[PDB]
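Reading the structure
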Amino acid sequence: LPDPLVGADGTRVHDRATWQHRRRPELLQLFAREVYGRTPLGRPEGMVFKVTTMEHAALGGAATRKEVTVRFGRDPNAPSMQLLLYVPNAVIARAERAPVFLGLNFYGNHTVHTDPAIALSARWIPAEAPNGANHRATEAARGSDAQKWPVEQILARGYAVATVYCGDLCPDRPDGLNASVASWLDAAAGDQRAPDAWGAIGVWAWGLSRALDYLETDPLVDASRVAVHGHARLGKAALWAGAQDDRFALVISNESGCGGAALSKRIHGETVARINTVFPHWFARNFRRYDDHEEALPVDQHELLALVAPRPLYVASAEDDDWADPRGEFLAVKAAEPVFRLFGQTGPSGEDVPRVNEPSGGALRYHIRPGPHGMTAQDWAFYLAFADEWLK
Ligand SMILES: O=C(OCc1ccccc1)[C@H]1O[C@H](O)[C@H](O)[C@@H](O)[C@@H]1O
Ligand SMILES: O=C(O)[C@H]1O[C@H](O)[C@H](O)[C@@H](O)[C@@H]1O
Ligand SMILES: [Cl-]
Ligand SMILES: [Mg+2]
């Protein structure tokens, strides 16, 4: 592995200021140029927030539900995304602003809960979407992804729940960038995009920061206590959003795998060539230089993990998710751990993967659970306990 504490010019990093002001920028530029693609703008001038629905007694009175259209320019044809937010009414009643879990969803806001008041998504949805007809949402799709989205449990634990359909931002399909935030800004289609131009993971990540922009204006939530989380490909997005945007208070990667938390140079499970051929829209075209050539990579994913430091970072695996390379995810955490310890934070104790269902580490935390790829109640219990400790 490239040593996170040795700079690209061979300079060894021995102090927190050099990490922050020299090594971090260096790593951000390398991930942007060679891996994810460059994010071509931050907050758009002229972005508009419009609350389209609000219900103070949603979920049997447990929560206030808002839907917010976030439009990225004043042009009414500019792209937008639809933010679903649930705020726990008990917290509101104590005249307190709730901390927030924020993450993208795979198949639409209407899939995170059966709640029939959620607007069905009008956007293209992938064929794998349960109860989807002709790539469009259907009433039968309501709550179809609830397993990954314990909304009422999260609310009962004192957190707001914010989500956006990843396909509002970039449709998850090999040509999706052609109708996305990226094509709003860049008339190039397909593989005419610049080699260092962002792909779907960068667009998804950017959307998470725009959601945080909205949350900073919502009087019901505390935008300085946002945990950004994602599962699998959306966990890749959560990692890159949290690395680019240090406003996020805590980052959670649930089984994000190749190009997320897993070491690429391990060549275990999904490889760089495989991921770029199946998902040519996810990464920068420059990342294809490393197809069957991971040895030339100037970074590996322990350095993306390290870009969260010293903020709390939870990486987790599933024992039978070999395609994600669970031990490669653990070793990325261990290889990032020296940067966290530079800031006085600690990672997993000892040098090999902990027993299943036994989290290990302080602000840099890891667990592996039994079972197949997924996001389970046990995963969520561990994440909520982590947030309880780190979000005041
Ligand atoms: O398997 C897929 O593409 C395979 C492929 C086909 C033609 C050219 C290149 C690759 C897509 O399947 C779903 O649409 C997923 O949401 C999306 O991420 C995947 O790329
Ligand atoms: O998003 C998911 O569930 C996963 O889908 C595929 O398995 C892909 O190869 C993984 O990289 C991704 O993380
Ligand atoms: Cl619980
Ligand atoms: Mg792998």
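Cut-offs applied
- Residues numbered from 1 in each chain as written, not as in the entry; some residues may be left out.
- Chains lettered and ligands numbered in written order.
- Heavy atoms only, no water.
- Axes fitted to C-alpha atoms, helices over the stretch in contact; angles between N-to-C directions.
- Helix = DSSP H or I, 4+ residues; strand = E, 2+ residues; numbered from the N terminus.
- Parallel < 35°, antiparallel > 145°, perpendicular 65-115°, else oblique.
- Left-handed = near helix turned anticlockwise from the far one by under 90°.
- Contact = heavy atoms within 4.5 Å.
- Nonpolar A, V, L, I, M, F, W, Y, C, P; charged D, E, K, R; others polar.
- Near = heavy atom within 4 Å.
- Polar contact = N/O pair within 3.5 Å; in protein donor to acceptor, adjacent residues only side chain to side chain.
- Areas by Shrake-Rupley, 256 points an atom, 1.4 Å probe, with all protein chains shown as cover.
- Donors = N, O, S within 2.8 Å, 3.2 Å for Na, K, Ca; no water.
- Buried < 20%, exposed > 50% of the residue type's maximum accessible area, 1.4 Å probe, protein only.
- Expected span 1.5 Å × (residues − 1).
- Bend = angle between axes of the 7 residues up to and from the residue.

Method information in the entry identifies X-ray crystallography as the source of the structure, with 1.89 Å recorded as the resolution.

Here we take up the packing of helix α5 (residues 200-215) against helix α6 (residues 233-244). Packed helices, taken two at a time, are described by the angle their axes make and the gap between the axes. Their axes nearest at 8 Å, the elements α5 and α6 cross at an angle of 60°. On the basis of their axis angle, the class for α5 and α6 is oblique. Our pair here, α5 against α6, has a crossing hand that is right-handed. Mapping the contact onto sequence places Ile201, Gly202, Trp204, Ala205 and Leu208 in α5 and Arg233, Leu234, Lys236, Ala237, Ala238, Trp240, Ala241 and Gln244 in α6. In terms of residue class, the contact of α5 with α6 is built from nine nonpolar, two polar and two charged.

Quick look at unusual backbone geometry now. Each neighbour pair has its own omega, and for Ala309 with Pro310 the value is 0°, a cis peptide bond. As for its position among the elements, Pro310 is in the loop between α8 (301-306) and β8 (313-318). Of note, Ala95 is a non-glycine position whose phi angle comes to about 55°, a positive value. Examined against the element boundaries, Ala95 turns out to sit in the loop between α2 (89-93) and β4 (98-105). Within the chain, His135 stands out as a residue other than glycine whose phi angle is a positive 65°. Mapped onto the elements of the fold, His135 is located in the loop between β4 and α3 (151-156).

Close to ligand 1 lie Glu128, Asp172, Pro174, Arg233, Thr277, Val278, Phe279, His281 and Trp282. Between ligand 1 and the protein, one listed contact pairs an oxygen atom with a side-chain N or O atom of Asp172 at 2.6 Å. Within the backbone of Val278, one N or O atom sits 2.9 Å away from an oxygen atom of ligand 1. Burial of ligand 1 by the protein chains amounts to 60% of its free accessible area of 450 Å². A per-class count over the shell around ligand 1 returns four nonpolar, two polar and three charged.

A few words now on the coordination of the magnesium ion (ligand 4). Reference values for coordination geometry: four tetrahedral donors around a metal ideally subtend 109.5 degrees, six octahedral donors ideally subtend 90 or 180 degrees. At this site the magnesium ion (ligand 4) is bound by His268 (O) and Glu270 (O), with donor distances of 2.2 to 2.4 Å. A relative accessible area of 9% means that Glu270 is categorised as buried.

All residues adjacent to ligand 2 are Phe106, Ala232, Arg233, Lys236, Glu270, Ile275, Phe279, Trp282, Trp323 and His373. Within the side chain of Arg233, an N or O atom sits 2.6 Å from an oxygen atom of ligand 2. Taking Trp323, its side chain carries an N or O atom lying 2.6 Å from an oxygen atom of ligand 2. In the complex, 82% of the free accessible area of ligand 2, which totals 320 Å², lies under the protein chains. Counted by class, the shell around ligand 2 contains six nonpolar, one polar and three charged residues.

For helix α1 (residues 16-36), which comprises 21 residues, the first-to-last C-alpha distance of 26 Å sits more than 12% below the rise-based estimate of 30 Å (1.5 Å per residue). Maximum bend of α1: about 35°, positioned at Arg23, with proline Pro25 one to four residues after it. Buried within α1 we find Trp19, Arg23, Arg24, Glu26, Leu27, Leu28, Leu30, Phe31, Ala32, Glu34, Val35 and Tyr36. In this structure, the buried side of α1 is in contact with α5, α6, α8 and α9 (326-342).

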